[PDB]
Protein chains: 2
Amino acid sequence: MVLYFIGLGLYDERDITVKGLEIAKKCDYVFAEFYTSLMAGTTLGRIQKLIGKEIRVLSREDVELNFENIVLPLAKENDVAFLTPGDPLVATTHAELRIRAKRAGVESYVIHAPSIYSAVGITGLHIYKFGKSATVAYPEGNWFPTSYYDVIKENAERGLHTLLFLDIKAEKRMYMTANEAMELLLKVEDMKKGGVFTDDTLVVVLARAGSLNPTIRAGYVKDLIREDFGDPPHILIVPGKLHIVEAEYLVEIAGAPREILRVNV
Amino acid sequence: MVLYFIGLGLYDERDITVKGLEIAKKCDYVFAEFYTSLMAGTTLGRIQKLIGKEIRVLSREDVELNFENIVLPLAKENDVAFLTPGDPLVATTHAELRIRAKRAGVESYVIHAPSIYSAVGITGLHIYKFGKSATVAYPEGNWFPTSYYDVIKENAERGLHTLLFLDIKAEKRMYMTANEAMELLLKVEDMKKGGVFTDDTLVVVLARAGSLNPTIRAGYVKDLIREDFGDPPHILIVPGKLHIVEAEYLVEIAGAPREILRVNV
Ligand SMILES: Nc1ncnc2c1ncn2[C@@H]1O[C@H](CSCC[C@H](N)C(=O)O)[C@@H](O)[C@H]1O
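What counts and how
Residues numbered from 1 in each chain as written, not as in the entry; some residues may be left out. Chains lettered and ligands numbered in written order. Heavy atoms only, no water. Helix = DSSP H or I, 4+ residues; strand = E, 2+ residues; numbered from the N terminus. Rg over C-alpha atoms; globule rule 2.2 N^0.38 Å. Buried < 20%, exposed > 50% of the residue type's maximum accessible area, 1.4 Å probe, protein only. Areas by Shrake-Rupley, 256 points an atom, 1.4 Å probe, with all protein chains shown as cover. Contact = heavy atoms within 4.5 Å. Buried area = accessible area lost by both parts, 1.4 Å probe. Salt bridge = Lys/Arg side-chain N within 4 Å of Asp/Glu carboxyl O. Polar contact = N/O pair within 3.5 Å; in protein donor to acceptor, adjacent residues only side chain to side chain. UniProt positions renumbered as here; feature names shortened; annotations may be inferred. Core = buried A, V, L, I, M, F, W, Y, C linked by side-chain atoms within 4.5 Å. Pairing = 2+ DSSP bridges. Axes fitted to C-alpha atoms, helices over the stretch in contact; angles between N-to-C directions. Least-squares fit on C-alpha atoms. Near = heavy atom within 4 Å. Nonpolar A, V, L, I, M, F, W, Y, C, P; charged D, E, K, R; others polar. Domains from an automatic or database assignment. Arc of directions from axis to C-beta. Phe/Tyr/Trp six-rings, centres within 6.5 Å; stacked < 30°, edge-to-face > 60°.

The deposited coordinates, according to the entry record, derive from X-ray crystallography at 2.10 Å resolution.

## As for the overall build of chain A
What chain A contains, in helices and strands, is eleven helices and twelve strands. On C-alpha atoms alone, chain A measures out to a radius of gyration of 20 Å, which is about the 18 Å that the 2.2 N^0.38 rule sets for 265 residues. Dimensions of chain A, computed from C-alpha atoms along their principal axes, come out at roughly 60 × 40 × 30 Å. Per-residue burial over chain A gives 59% buried out of 265 residues. On chain A, roughly 11000 Å² of surface is accessible, and the fraction owed to carbon and sulfur atoms is 48%.

## With respect to the interface of chain A and chain B
In many analyses, interface size is given as the accessible surface area lost on bringing the parts together. Facing the 55 residues of chain A at the interface are 54 residues of chain B. Across the chain A/chain B interface, buried area totals approximately 4800 Å², and carbon plus sulfur atoms make up 63% of it. If you sort the residues of chain A by the area they bury against chain B, A:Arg14, A:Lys19 and A:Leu212 come out on top, with a joint share of 14%. Viewed at the interface, chain B and chain A are joined by ten salt bridges. A salt bridge links A:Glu252 to B:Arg103; the shortest N-O distance between them is 3.9 Å. There are 22 residue pairs in polar contact connecting chain A and chain B. Where the side of chain A that touches chain B is concerned, the elements lending two or more residues are α1 (18-26), α5 (94-103), β5 (107-111), α6 (116-119), α7 (147-157) and α10 (244-253) of chain A.

## Remarks on the UniProt feature "binding site: S-adenosyl-L-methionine" in chain A
Residues and elements named next belong to chain A. Per the UniProt entry, the sites bearing "binding site: S-adenosyl-L-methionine" are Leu10, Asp87, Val90, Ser115, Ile116, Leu166, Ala209 and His234 in this numbering. With respect to the element layout, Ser115 can be found in the loop between β5 and α6. For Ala209, a relative accessible area of 11% translates into the label buried.

## Focus: the nonpolar core
Formed by 99 residues in total, the largest nonpolar core has its most connected members in A:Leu3, B:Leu3 and B:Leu250. Apart from residues lying up to four places away in sequence, B:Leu250 is in contact with B:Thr123, B:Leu125, B:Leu202, B:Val204, B:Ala218, B:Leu242, B:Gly255, B:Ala256 and B:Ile260. Counting 27 residues, the second largest nonpolar core, distinct from the first, contains B:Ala134, B:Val151, B:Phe229 and B:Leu236.

## Description of the sheet that holds strand β1 (residues 2-7) of chain A
Residues and elements named next belong to chain A. Taken in spatial order, the five strands make up an open sheet running β3-β2-β4-β1-β5, and their pairing is parallel. Only two strands of the sheet have a single partner each, and these edge strands are β3 (56-58) and β5. Within the sheet, the average angular offset between the axes of one strand and its neighbour, ignoring direction, is 25°. Sheet topology note: the strand β2 (residues 29-33)/β3 ladder contains three bridges and is parallel. Paired with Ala32 across the bridge in β3 is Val57. On the sheet, helix α3 (residues 60-70) packs against β1, β2, β3 and β4 (79-84) and is oriented at approximately 120° with respect to β3. Along the sheet, α5 makes contact with β1, β2, β4 and β5, crossing β5 at roughly 150°.

## Concerning the relation of the copies chain A and chain B
Screw-axis analysis of chain A against chain B gives a translation of 0.0 Å along the axis, an RMSD of 0.8 Å, and a rotation angle of 180°. Both copies are brought into coincidence by an operation consistent with a two-fold rotation axis. Looking at chain A, 93% of its interface residues are interface residues in chain B too, so the copies touch through the same face.

## Comments concerning the site of the ligand
All names here are of chain B. Among the 19 residues in the neighbourhood of the ligand, the closest are listed as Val90, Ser115, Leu166, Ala209 and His234. Separating a nitrogen atom of the ligand from a backbone N or O atom of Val90 is a distance of 2.7 Å. In the model, an oxygen atom of the ligand is placed 2.8 Å from a nitrogen or oxygen of the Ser115 side chain. Taken by itself the ligand offers 560 Å² of open surface, and the protein chains cover 96% of this. The residue makeup of the shell around the ligand, split by class, is eleven nonpolar, six polar and two charged. Residue contributions to the shell around the ligand reach at least three from each of two domains, namely domain 1 (2-114) and domain 2 (115-265).

## Details of α3(A)
Since there are 3.6 residues in each turn of an α-helix, residues three or four apart along the chain are aligned in direction. All names here are of chain A. Of all the residues in α3, the buried ones are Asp62, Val63, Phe67 and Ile70. Axial view of α3: buried residues confined to an arc of 110°, hence all on one face. Facing away from the buried side of α3 by more than 90 degrees, the exposed set consists of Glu61, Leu65 and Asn69. Buried residues belonging to α3 abut β1, β2, β3, α4 (72-75), β4 and α5.

## Some points on the sheet that holds strand β7 (residues 162-166) of chain B
Residues and elements named next belong to chain B. Spatially, β6-β7-β12-β10-β11 is the arrangement adopted by the five strands of the open sheet, whose pairing is mixed. A single partner strand is all that each edge strand has here, and the edge strands are β6 (134-136) and β11 (215-220). Geometrically, the sheet is characterised by an average inter-axis angle of 25° between neighbouring strands, direction not taken into account. For β7 and strand β12 (residues 234-238), the ladder comprises three bridges, and the chain directions are antiparallel. What sits directly across from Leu163, in β12, is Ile237. Relative to the sheet, helix α7 (residues 147-157) contacts β6, β7 and β12, its axis offset from that of β7 by approximately 165°.

## Observations regarding the packing of aromatic side chains
Residue and element names in this part refer to chain A. All told, the structure shown has nine aromatic pairs over all chains when counted by the stated rule. Residues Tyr117 and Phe165 carry aromatic rings whose centres are separated by 5.2 Å and whose planes lie at 45° to one another, so their mutual orientation is tilted. Of this pair, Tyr117 sits in helix α6 while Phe165 sits in strand β7 (residues 162-166), and the two are 48 residues apart along the sequence. For the residue pair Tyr117 and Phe165, the accessibility class agrees, reading buried in each case.

## Re the domain arrangement of chain A
All names here are of chain A. Assigned domains of chain A: these are domain 1 (2-114) and domain 2 (115-265). Computed from C-alpha coordinates alone, the two centres of domain 1 and domain 2 are separated by 29 Å. Across the contact, twelve residues belong to domain 1 and 13 residues belong to domain 2. When domain 1 packs against domain 2, close to 1000 Å² is buried across both sides, 70% of that on carbon and sulfur atoms. Looking only at domain 1, the three residues that lose the most surface to domain 2 are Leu10, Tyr11 and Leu38, adding up to 55% of its buried area.

## Focus: the side chain of A:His161
Residue and element names in this part refer to chain A. Tracing the backbone shows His161 in the loop between α7 and β7. Residue classification places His161 among the buried positions, given a relative accessible area of 0%. At 2.8 Å, the side chain of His161 forms a polar contact with the side chain of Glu246.

This is the structure:
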């Protein structure tokens, strides 16, 4: 009679919270989805072993189209768990799932876990300074999306930082690297000439947040465009004007050029 | 020879991640601070019992003024942990402590946990649509803070949601309620008269996120300003232009007036 939306956190099977794990262990059925994001530091087998329960994986279609036919029926007579990477309900379409639960007479509870939205605080950039967020999508066929470029422009114009999620093909298991994001942004700049993203733009790359050994790098595009940030997932941030404390952290922790202490503050 | 910044999460001692718990268990020394936020669902005793170690609680002055004299010395020849409510680097000035750690020759690692910054997802408002965030500070003496008013204005103007952290005087055990935040805002509106926050403004209140039964309410100020949202901590949100599904969630889950379902554009 109860559905639990439980977040798995950032990188591996240990990013789930104690509360999350204990609740998942008491559930009769456990579902999971890995299309909003993957867990690069673990496997379904490791998550299953940790929880001590078989996990049924659901596709985007299973969820978006049949959530009430696959999950809710079981949540009517049993305790059911729905696992997702990061913090539940952060993914745009997930909140609506609670409406479906209510409509079906199912109670639902949300057990939080670390999210990239808060984990980016490890870059040293002040969280309050982040503006609207966006996703960099691969152009395709006759479709060349560029809204994320405008997001950066409006945020930076107000001295705000921009968090950029990079495209991911869940099933195809392929992620857009920070390097590819930069190349794409450089292309959009040549098309819009807005002076928003260029070789001299300062950027921060965060890779494998959640891991005990994440990659945090800050610098100008011209110098980071071909650098190796390691395995995915990657997240790209275009900061707005920096507070001196943000700058110092980037230099001392993210190996940024001392030059940002005079150019970007 | 190591310092761990470990977040404890939102409500109780079980909001810590498994990773954080296992690491905190193997640490030689454990320090903590409870002035940056409130964990309404637990106590120091329960936390100590969970990790199996005594915790030396530090004041804001101990940290900001003597972190390098109290904590870092031990991290030189031992494994030390520094516990914090929510996520260690979110809406705090703790990031700078890693610089101090570095200059002292101490390696540091960050263990994330659920943060209110991403927990706002439970309000049904798309997290990518949040703009710059702000903190509503208690006026003091003749000094009356008002910058948060301009943040709301700037965001609303762009159609973005505004997250408002509420003030806290840990030593006085005083935690600002959403009601108090609304009163202050109406007062700033009278002063500035920018038509940014009035009795007809739609707002969302989130109290005790992290508990299994948080209070989530949405409605016009004139109706919520005197409503009881339960014990602290509270967070206030002034949404911008709503998507149909955001409105639907606010009505179905946060008990908002069915009239907001009819967006105006
Ligand atoms: N569980 C909770 N429910 C509602 N508001 C909360 C909350 N926890 C924190 N807050 C809000 O966040 C403010 C503290 S700012 C520090 C945030 C913390 N580092 C984190 O990552 O969560 C509190 O004053 C309150 O306004």
